[PDB]
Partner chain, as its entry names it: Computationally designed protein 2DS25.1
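Presented below, as structure tokens, is a lone chain in the form solved without its partner chain.
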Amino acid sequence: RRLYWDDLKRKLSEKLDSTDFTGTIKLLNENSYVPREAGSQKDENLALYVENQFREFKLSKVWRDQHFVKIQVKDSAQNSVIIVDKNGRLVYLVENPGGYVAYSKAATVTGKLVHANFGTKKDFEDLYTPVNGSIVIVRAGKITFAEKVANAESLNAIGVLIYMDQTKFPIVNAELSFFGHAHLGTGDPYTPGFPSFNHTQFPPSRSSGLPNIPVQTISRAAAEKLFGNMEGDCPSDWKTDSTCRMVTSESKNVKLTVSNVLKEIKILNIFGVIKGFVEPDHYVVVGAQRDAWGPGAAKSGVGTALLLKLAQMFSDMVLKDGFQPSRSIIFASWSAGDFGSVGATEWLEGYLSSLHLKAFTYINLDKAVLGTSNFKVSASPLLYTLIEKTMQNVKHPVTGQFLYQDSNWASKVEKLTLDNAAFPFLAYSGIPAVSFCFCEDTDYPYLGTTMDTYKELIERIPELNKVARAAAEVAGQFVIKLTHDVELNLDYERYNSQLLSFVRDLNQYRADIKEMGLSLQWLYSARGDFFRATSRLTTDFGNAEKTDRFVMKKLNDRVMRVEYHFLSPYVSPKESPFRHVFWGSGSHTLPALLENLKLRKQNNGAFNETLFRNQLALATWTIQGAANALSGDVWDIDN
């Protein structure tokens, strides 16, 4: 190898030092590209610009991907929130919101309005007033809109109102309207599990994650108007405004009118590839959402700029600096990401067989520059060692210190959530995924609104160029170290900590497990067997000669199957897309098993004996099968 890690890192750094990220973001926030709603003309214009840029970079191949998806848009009739008397007579209009929640059911609901803090399950459980047959008003944040709506609907609430409170969203003007989607999932909600291509002819199907109650986003002024008609006083545990109130007066009601209409649109996914020199059929996917409801400077402008600049720099290094990737690099520009990563999920569903054990890592650039105080990572454990090594190399954009300051950062990593485009890659496809951001201690206030302009981003983050340079540096080092080395730099040994944590959590209910005719010895043995398999694999890697391309291919295939073997092989990928037992959603996951067992502990009566027994069996054998497959040949398994 003419270029080693040090020389290639230096080349990446000197490419970054002469890159104008601020100019690219400013160009992406031009009037020719905003507003940039999914399937619009501006979205298609930016897709064509991205495609022409990928062609200008002289990538190995540039190709398009058209999907026809169903999304919700505002009707000609305006959604309205209205205070009505006990007899339904008009009192006074509250607000005709400018924003809306996509995939909210188009319906009119009237009833009492009661306040939940954030819509989390703890907020609903610890709430004095029962939320049934009543509209719940929740504050935006701490969970996705879909989670809030699902939690409210599971308690038989007839509607949801969402607003951004002053404390958590210190926006100066209270009339600002924002956008979200209430689909508890990813992709097109009307083509669950299948690619939504013309080939399917779009059969009548409907995802179970679609809400059945109206959902509406209202401005802070509208929320204060509603609180003016309420009585209860919010608890101090909710660090919210003093104007916030709990329950509507007994002589008033709220009529929520939602009339969003489904629209079928064409979304483009733009791809470019830098084909590898040793193993081109294996690749790292680098993706960034392109669409945005408003201007989307931080929502999609920063990610698209990072994608374009990374593609340019990597093409320059491969073509001019002599960089020779062993694997390929795919640069993906997703569309319809504001509706739940629709483009990425439909691409994953369309090409699942082609991406199976070929794409071994997804890097998400969405909202990578969102602030400057903290560097936050949510990723698969396989990427923890790579992230730690990158953090020890990349300096902080503002302070001269390296990003690696906390030795225990890995124990504070948040699980990937539905709002992240890396979640479909990890939980559904079993491809290790990483999402990182430079963020503050608080959520970005303008994210998802009409004030998410480039001017606001450059005002909130002066020296945005350096922060974007640092984000592109960590992403480029990810790509280089995942693609140039003879080893994949995926740490299968990091799942030993995950299994230990699961065993420790499950040991809290040993009395409950002993009350049933069950035992934890099989899960203990599975944890030990997985550790032994990882140690065997590390010994094999150490013994193998690096120049021997065959044995290293075998070992790298064993490493690539690690994340796939944690997808549940017992649930329907159509009904339960997120089959990952660690990071997926559904009763097949380990957290669901722990939740069911905790329900048994509380003696609430909602515990399901048979469901828990099946969960324990399937989880135990999923872990044991992952260990067995990682160990080696079928005859080498101990039992």
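Positions refer to the first chain, counted from 1.
This protein has a second form, the form solved in complex with its partner chain, left out of what is shown; the following refers to that one.
Spot the stretch among 112 to 120, 247 to 255, 317 to 325, 463 to 471 with residues whose non-hydrogen atoms come within 4.5 Å of its partner chain in the bound PDB entry. Contact-bearing stretch, as computed: 247 to 255.
May I ask you to state whether residue 459 is within 4.5 Å of its partner chain in the bound PDB entry, using heavy atom distances? So residue 459 does not count as contacting its partner chain.
Taking heavy atoms only, is residue 105 within 4.5 angstroms of its partner chain in the bound PDB entry? No.
Taking heavy atoms and a 4.5 Å cut-off, does residue 225 contact its partner chain in the bound PDB entry? Contact check for residue 225: yes, within 4.5 Å of its partner chain in the bound PDB entry.
Taking any heavy atom pair closer than or equal to 4.5 Å as contact, tell me whether residue 85 reaches its partner chain in the bound PDB entry. Close contact exists here: in the bound PDB entry, residue 85 approaches its partner chain to within 4.5 Å, heavy atoms only.
Honest question, do 80, 91 and 175 all end up within 4.5 Å of its partner chain in the bound PDB entry by heavy atom distance? Checked in the bound PDB entry: all three residues contact its partner chain.
Can you pick the one in 229, 312, 393, 417 that has a heavy atom within 4.5 Å of its partner chain in the bound PDB entry? Of 229, 312, 393, 417, the residue with a heavy atom within 4.5 Å of its partner chain in the bound PDB entry is 229.
Which one of 210, 486, 447, 221 is close to its partner chain in the bound PDB entry, taking close to mean a heavy atom within 4.5 Å? It is 221 that has a heavy atom within 4.5 Å of the partner.
What residues, if any, in 587 to 604 have a non-hydrogen atom within 4.5 angstroms of its partner chain in the bound PDB entry? The stretch does not touch the partner at all.
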